[PDB]
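Heads up, the chain below is alone and in the form deposited in one PDB entry; it's given as structure tokens.
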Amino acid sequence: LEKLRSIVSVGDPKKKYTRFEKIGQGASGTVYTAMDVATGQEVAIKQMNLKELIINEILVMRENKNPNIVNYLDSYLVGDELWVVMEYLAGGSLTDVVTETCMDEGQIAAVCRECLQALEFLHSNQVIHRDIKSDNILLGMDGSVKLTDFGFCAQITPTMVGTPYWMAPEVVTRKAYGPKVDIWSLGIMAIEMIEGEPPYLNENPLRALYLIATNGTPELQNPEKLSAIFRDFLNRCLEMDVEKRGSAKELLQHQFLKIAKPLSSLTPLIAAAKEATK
């Protein structure tokens, strides 16, 4: 308990941050967006009701930073609650983009490369995300990409966790968590970028679990519309055999990512997808 108090930041976050807006809530905690009073920068704040495992989870994010994730900024202990302050991007989510606009292969390759760089970083720190999906991809107006975990699924490698439509078959059937489940989920997110939705989204989420466990590798609606290079990338993300499925490091070398357009190419999609607060 004393070590946890020594690692956390000094101060009252109720005074250091303002304009709190709840953006998510679950069994594990609550997510807010807030304004850093001193810097004028918009941040994201997780509030979790609480110990040596918490110490390790805090230390790994305080000591390790990467441009493609929302980075740890501070943490506070308020009674029995731990508050973790992190970066935030206000342009929108990849969900907004795929539901409202149509991305071309160059824009998909740009997003895939940024997400894989975030995954390579997390996996190199023995962290598995377990909840990769467009909802967890935040976008800046300039097209910058940051991965979030607003469903509280990520953890340092030590129950069924994740969002059913994006879950790997080995997670559904035997909870075999490992870095490759994030690669599968990235392949499902690439299908969102092509088709607007993950496979089976018209079904209820529990029925989706049975379809994933039985079908395995999902099929595309119109595969002939895609380049052979993009089809190969998707095959490597969605391999049934975990050993054959690409790692984030291996997929960063894929020819598909070599057609990536600059991130600035995303700005018109982000602007069109954005629904202004009335």
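All residue numbers are counted from 1 along the displayed sequence. We call the rigid core whatever largest set of C-alpha positions still superposes within 1.5 Å between the two forms.
Same protein, other form: the form deposited in another entry, not shown, and the subject of what follows.
The one residue among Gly151, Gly196, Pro164, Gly140 whose Cα position changes by 2 Å or more between this form and the one not shown, with the core held fixed by superposition, is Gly151. Core-superposed comparison between this form and the one not shown: the CA of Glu250 stays below a 2 Å shift. Remark: with the core as the superposition reference, the CA shift of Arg207 between this form and the one not shown stays below 2 Å.
Core-superposed comparison between this form and the one not shown: the C-alpha position of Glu57 differs by no less than 2 Å.
Relative to what is shown, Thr95 and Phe150 are farther apart in that other deposited form; their C-alpha atoms differ in spacing by at least 3 Å. In that other deposited form, the Cα-Cα separation between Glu192 and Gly151 grows by 3 Å or more relative to the displayed conformation.
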